[PDB]
Ligand SMILES: O=[N+]([O-])c1cc(-n2nccn2)ccc1NCCCCCCN[C@H]1C[C@](O)(CO)[C@@H](O)[C@H](O)[C@H]1O
Ligand SMILES: *[C@@H]1O[C@H](CO)[C@@H](O)[C@H](O)[C@H]1NC(C)=O
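Numbering (PDB author numbering), first residue to last: 36 to 501, 515 to 813.
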């Protein structure tokens, strides 16, 4: 039965607009297969199109905004793009139609509406670009009746092992197609839809922009050669319209030119399914998908006071659809340093210099291929998998569709190497690598990242304890299915656990350090003088200078989170030997957090180092780090230490700003210094953990019940309102928020853990 659900899930999730790095494109969850992409740009001159054409996602002054208004990966959705540079409001509707044996069918509608400021007679070039990778697969454009191109639809017929037979149609569409009275029209046609069919070596098919331009340039060179000149030039758009050359190949370029408003359809018809997909099919399914999205939203993200109003609902749908709409499929090789240079052990004072020398050896090599199905922090700036981010992304997603979340978790854990390492950033394939400078592609098997995917597993366990609709929840509705899933994953969870304790271990035994356990102490590998990228909190101040004797309270708390989940899952599977080992580790972390990390003087947890005189020193910087035991759910509700932390959380002169909790205290000497990344700004991911823990204390008997209730109420309010105010003003989710002004700053389109706001609004943890 588990196997059966598995196959139905596979078939449900196969097709998607799973190329979030571009404005609009489709690929299936198959490494070497059929991919599509949309390009458009106005043409006003002989030289402008190369600067106006749009393809990969960006964010600058020429783009107002873009994102998904509604999206469900099983059904599809609607995206809105607001392009100032090209004077266009664009809609892309995508819809999946289940059927046959091959992942089903889909269709898309592309609609362009000139905005008020555009010339009514603007010429806009639109290209649909289609590639297919694979040794044995075929794809052919049926030629037109007409000499020079297509009056009606363009049909591509193709076959592959993965997809069987299929047909992909690009429809004629609605809108004025401009006509040229030039001489050139005797050879190139007055103006019509054109197709060029080409072939390149498989591994470069993703390079749609250069491939397209190489064709445009050959078109222009042909003009020059055949005596078309500045004495009498064809209009720009006709100079940039490819000569029609349909045929067979692994690349097909479908090009149309429109004057004014346009719309056209893409219909992918899986032959193994019923009748083929029509435009009337698409309209119906689009309407239907909306309805279903509407209902599921109202049940799953039913926003509680004071966010019940329709304004916060629109906001909620936008933050949610952009998060779930960022889901991508990636495939390819990664760049890994597999030297295990001894310098990476970081055992010496000055270790950061040793490690730089090992890096300078450049022993990294491509390895794989790997695949990954994950959501992402940002379409324009970070369109790829991030380990601790994904823990946050999946919390709202799991509410929506637990089976989908579990798929993504599975996908991540399938990357894990024999040692238990998962790279904190998954740059898979040359396409993914094009967006990342060479110097930052290399992954390092000694680099951890917070194990936040365990939080999702906690939510799933608690749910398990207590057709598209059915599949979304099959893993909780059929207890048998959930347990089997946990059975298969449990070994990998434990391998990761062991890996942390093996590679991220701190040094108790070789220093004058007293503590309850001699085992439980952690230090993030990978720190530089100014940074600790592996912790997730890039530049939060840490002991200076870095030192093999450092201990990190955040890392120890993350180990706590892991043991707790291993206890819960271990029990469910009855692994009793295991459960008792974990129990004693948890016990030891509880004591050791106090012995090594608690400052009585400062009233909070701190990182530690060892002195000039080789004794243990607490190093306190009041901020997110300081609350870690509390954030991660490790403190007893009656704890006096907890009450001291509530004091710190609540204190306006420290952490509490009108906009949410500051990353670092205003009192800390490092407040707002250097790059000021994690040294004052408000971050939604950590605010979310605080909110969730405040609510936990607020809805149980204990001494802090009422303080927690007050803080919970206020902090939920401030975080949602800060994110909502900025969304209203700017159209975007931001990476972080300014505690002095409330303004969003750094990266836009950060959905991204900023979307946790949908969960905070809807309450009832
Ligand atoms: O600055 N580069 O070296 C660089 C430049 C480009 N680039 N610039 C122009 C073209 N390409 C691309 C990549 C890199 N990588 C180095 C890493 C520095 C930025 C790290 C920020 N990490 C935050 C976001 C996030 O990492 C993800 O949400 C969270 O996980 C963390 O927690 C957050 O703190
Ligand atoms: C989906 O099914 C195909 C064919 O059965 C299989 O090879 C593929 O790995 C599946 N995808 C995953 C791992 O989810």
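Backbone N, C-alpha and C fix where the C-beta goes; we use that ideal spot for every residue, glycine too.
Near ligand 1: residue i beta-carbon under 7 Å from a heavy atom
{"i": "residue 447", "result": "no"}
{"i": "residue 676", "result": "no"}
{"i": "residue 424", "result": "yes"}
{"i": "residue 602", "result": "no"}
{"i": "residue 560", "result": "no"}
{"i": "residue 417", "result": "yes"}
{"i": "residue 475", "result": "yes"}
{"i": "residue 509", "result": "No atoms of residue 509 appear, because in the chain residue 501 is followed directly by 515."}
Local conformation of residue i per DSSP, three classes
{"i": "residue 355", "result": "helix"}
{"i": "residue 291", "result": "strand"}
{"i": "residue 387", "result": "helix"}
{"i": "residue 809", "result": "helix"}
{"i": "residue 416", "result": "coil"}
{"i": "residue 426", "result": "helix"}
{"i": "residue 751", "result": "coil"}
{"i": "residue 404", "result": "strand"}
{"i": "residue 503", "result": "The chain lacks the residues between 501 and 515, and residue 503 is one of those with no coordinates."}
{"i": "residue 548", "result": "helix"}
{"i": "residue 771", "result": "helix"}
{"i": "residue 525", "result": "helix"}
{"i": "residue 411", "result": "coil"}
{"i": "residue 533", "result": "helix"}
{"i": "residue 661", "result": "coil"}
{"i": "residue 471", "result": "coil"}
{"i": "residue 200", "result": "strand"}
{"i": "residue 746", "result": "helix"}
{"i": "residue 393", "result": "helix"}
Range covered by the beta strand (DSSP E) that runs through residue i
{"i": "residue 64", "result": "Careful: residue 64 lies outside any beta strand (DSSP E) and carries neither H nor E."}
{"i": "residue 794", "result": "792-796"}
{"i": "residue 173", "result": "173-176"}
{"i": "residue 363", "result": "363-371"}
Residue span of the alpha helix (DSSP H) that contains residue i, given as start and end
{"i": "residue 158", "result": "Element bounds for residue 158: not the alpha helix (DSSP H) but the beta strand (DSSP E), 158-167."}
{"i": "residue 96", "result": "Where residue 96 is concerned, there is no enclosing alpha helix (DSSP H), given that its DSSP letter is neither H nor E."}
{"i": "residue 631", "result": "624-640"}
{"i": "residue 259", "result": "243-260"}
{"i": "residue 330", "result": "314-335"}
Cβ-heavy atom distance, residue i to ligand 2, below 7 Å
{"i": "residue 542", "result": "no"}
{"i": "residue 56", "result": "no"}
{"i": "residue 171", "result": "no"}
{"i": "residue 62", "result": "no"}
{"i": "residue 45", "result": "yes"}
Beta carbon of residue i nearer than 8 Å to that of residue j
{"i": "residue 370", "j": "residue 399", "result": "yes"}
{"i": "residue 685", "j": "residue 592", "result": "no"}
{"i": "residue 709", "j": "residue 697", "result": "yes"}
{"i": "residue 680", "j": "residue 609", "result": "yes"}
{"i": "residue 509", "j": "residue 707", "result": "Residues lacking coordinates in the chain include everything strictly between 501 and 515, among them residue 509."}
{"i": "residue 490", "j": "residue 422", "result": "no"}
{"i": "residue 360", "j": "residue 782", "result": "no"}
{"i": "residue 690", "j": "residue 678", "result": "yes"}
{"i": "residue 107", "j": "residue 408", "result": "no"}
{"i": "residue 63", "j": "residue 411", "result": "no"}
{"i": "residue 211", "j": "residue 295", "result": "yes"}
{"i": "residue 350", "j": "residue 75", "result": "no"}
{"i": "residue 308", "j": "residue 135", "result": "yes"}
{"i": "residue 41", "j": "residue 57", "result": "no"}
{"i": "residue 616", "j": "residue 602", "result": "no"}
{"i": "residue 303", "j": "residue 140", "result": "yes"}
{"i": "residue 335", "j": "residue 493", "result": "no"}
{"i": "residue 161", "j": "residue 59", "result": "no"}
Whole-angstrom distance between residue j and residue i, CA atom to CA atom
{"i": "residue 428", "j": "residue 586", "result": "19 Å"}
{"i": "residue 173", "j": "residue 760", "result": "59 Å"}
{"i": "residue 519", "j": "residue 44", "result": "7 Å"}
{"i": "residue 153", "j": "residue 122", "result": "5 Å"}
{"i": "residue 486", "j": "residue 785", "result": "24 Å"}
{"i": "residue 809", "j": "residue 656", "result": "37 Å"}
{"i": "residue 673", "j": "residue 695", "result": "15 Å"}
{"i": "residue 164", "j": "residue 458", "result": "32 Å"}
{"i": "residue 596", "j": "residue 500", "result": "42 Å"}
{"i": "residue 663", "j": "residue 441", "result": "46 Å"}
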